[PDB]
Structure formats: C-alpha cells, structure tokens
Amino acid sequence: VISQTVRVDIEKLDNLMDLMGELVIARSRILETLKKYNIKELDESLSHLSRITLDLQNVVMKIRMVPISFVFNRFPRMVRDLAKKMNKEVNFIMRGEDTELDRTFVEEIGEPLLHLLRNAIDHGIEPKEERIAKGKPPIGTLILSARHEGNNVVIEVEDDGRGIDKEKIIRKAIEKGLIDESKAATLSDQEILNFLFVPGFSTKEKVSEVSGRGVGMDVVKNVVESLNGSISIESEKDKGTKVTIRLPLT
C-alpha cells in the first residue's frame, strides 16, 4: 500500500524552467546550423529530437497548471472591504474556482480582475435606495466566473448595475480627434465600448507614470494581450455590464 504525491518548491520549478528555455534555444541553433544539409534521415534524427523537447516541455506545462483559486480566494474579502468603503451593498459570487491555468497566467491575471471587480462595485452598482426605486433587486449581484470552454479559458465579470453610458463615450471620442458624428452612427455596440481600452480615455485625469505600464482599463487589455488573450465588454443602461476575458489554454 502506497502514500502519494509530492511537494516541490518554486526555485526548483524556476531552475527547471530556466533550463527548459535554454533547451529550446540550443535545439533551435542546431536546426539552424544543419539547415543547409538536405540529408533524408538526418532530418528524422533532428525531428525526433524536436519531438522529445516538445513532449518534454508539454509535460512541464502540465506541471505548470495551477487552480485559479490562488487568486480568486484573495477576492471575497477585498470585494467585501471595497463594498462598505464605498457605501454599497453587493452580493458577490465566485464560480469555477477549480478551473486550472498556467502558473504564469494566474499570477498575471490577478490585478486586472481586481480592477474589473472594483469597477463593478464603484461605477457599476447603484446605491441600494436607487435600485429599490427603479424596480431592481435591492442588492446588486457581482459574478466572477472562470470556466474551461473550448480550447480557451473564459473569465467573466458581470454585474447588474447602472451599465455604461455609450453616448458619453461617443461624445468624448469625438471631443478629441477619434471619430466624427458621421462615423459615430456606424459603430456597433462593442466597438463603442472598445474605446475604454484606449490609453487614458479621459474623463479622469493625467497620471505621472512610474515603475509600471499604466493605471486603468488600457492596462487590463495590455495584460490580457501579453497572455495572447482577448477581451471585450457587453452593457446596456440600467441592466448591467459583463466583461469577458478569453485566454489560450495550454
């Protein structure tokens, strides 16, 4: 009878990934050197080596896999704290905590999600008294969801709050040389909302920028795109807002 599986520490995985990278580099310089030769079974000897390195890396990536709980678990308290600090009442729900990602993806996607969450609590959800007056459920609900679907990983943040004012976006868009009135009426809903990812889409204020990349919504897309992922927004007045983030799953 047997007792199972084993704990390691980062430094080893760190040391492992370093050599993995060096292995990739070395394999590439070999293929470049012998690229001039056209020998038949030399190709198969090289292709075999590549196949090994790939399958070797492919296993490493399966070790890299990590539950998104590492980040999600930090949230319910922060959402709780943010809610009362901003004088709001929110019912916060997490779904798909078990969904597993590459370790790199998880320790990147953390801050952008926290941002989107704060956005929902701050600008999204109306004060309780306003919700009751409009016929909406007294307490706003906030859903952070992560699912394995297709060959991608889909993370969604959804709220039933105010929603986003598209006209305010369009007017600001024209306010500083982006479009005019004519090419404004030709815009789909999503590409209107896509203005929010423009660097410093300004109703806010200038920022002096140190040590980082940026401050707000333009950074979310930046992080997502650094992971070769995708992002867009759905919203309409007095119904709610949903941000969808898709990440390539390997």
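The numbering used is simple: start at 1 and walk along the sequence shown.
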Practice prompt. Read off the CA B-factors in the entry, average them over 126-134 and over 165-173, and name the higher stretch.
Written response: 165-173
Worksheet, complete the sentence: When mean C-alpha B-factors in the record are compared for 179-187 and 198-206, the larger belongs to 179-187
Response to the item:
Split the chain's modelled residues into thirds by Cα B-factor; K221 lands in the lowest
Worksheet, complete the sentence: Entry-reported C-alpha B-factor of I39 relative to its chain, by third, is highest
Worksheet item: So where's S232 on the chain's Cα temperature factor ranking, which third?
Response: middle
Discussion item. When the deposited Cα B-factors of this chain's modelled residues are ordered and cut into thirds, is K239 in the lowest, the middle or the highest one?
Written reply: middle
Practice prompt. Determine, from the deposited record, the chain-internal third of the Cα B-factor for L46: lowest, middle or highest.
Written response: highest
